[PDB]
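Student: Quick one, what's the 3D model for this:
(one chain, ligands or ions: 1)
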Amino acid sequence: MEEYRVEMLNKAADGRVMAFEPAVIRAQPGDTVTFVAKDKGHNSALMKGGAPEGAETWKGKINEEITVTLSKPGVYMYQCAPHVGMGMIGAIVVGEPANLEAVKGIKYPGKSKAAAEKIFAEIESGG
Ligand SMILES: [Cu+2]
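Tutor: Numbering: from 1, shown residues only. Now the structure:
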């Protein structure tokens, strides 16, 4: 088991405002990801229909440094509720992205649509 960290930040290294860093975690089945409240006012919650079938969901409170389990392989699309409209979403890819087509079709409100397009390009082609 590997244990990864995703920081919830107001300002990222690459200039993003309201951002999870890294935006895309590449994990294996059984690994964990812990969210870090480096800046306050953020949360982490799984987006509706943004996980592979039968996967455990999560809905972290504001400033809650929640650790999520990643048993089933696939792409997990999650968001910050306060800043999702500003584009604050992230991805956790577990094993092979089998449900990549399905997660492309979910609801991405506001600037998270452009953020999702950047995330999907990063997973598929690297950049
Ligand atoms: Cu936020």
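Student: C-alpha from now on. contacts and neighbour counts both.
Tutor: Fine.
Student: Could you point out the longest helix of this protein?
Tutor: Counting by DSSP state H, the longest helix found in the chain is helix 112-125.
Student: Can you name the residue of this protein that approaches the ion most closely?
Tutor: Relative to the ion, the nearest point of the chain is residue 42 (3.8 Å; Cα to the ion).
Student: what residues are up against that residue?
Tutor: Applying Cα atoms under 8 Å, 6 or more residues apart in numbering to residue 42 gives the contacts 8, 9, 62, 63, 80, 81, 82, 83.
Student: rewinding a little: would the longest helix of the chain count as contacting the ion?
Tutor: No: judged by Cα under 5 Å from the ion, helix 112-125 stays clear of the ion, getting no closer than 11.9 Å.
Student: Identify all contacting residues around that helix.
Tutor: With Cα under 8 Å, 6+ apart, helix 112-125 has contacts from 23-24, 84-91, 104, 108, 127.
Student: go on, stretch 1-17?
Tutor: Stretch 1-17 is contacted from outside by 18-23, 25, 27, 30-40, 42-43, 86, using Cα under 8 Å, 6+ apart.
Student: and residue 41, what element?
Tutor: For residue 41, there is no helix or strand it lies in under DSSP states H and E.
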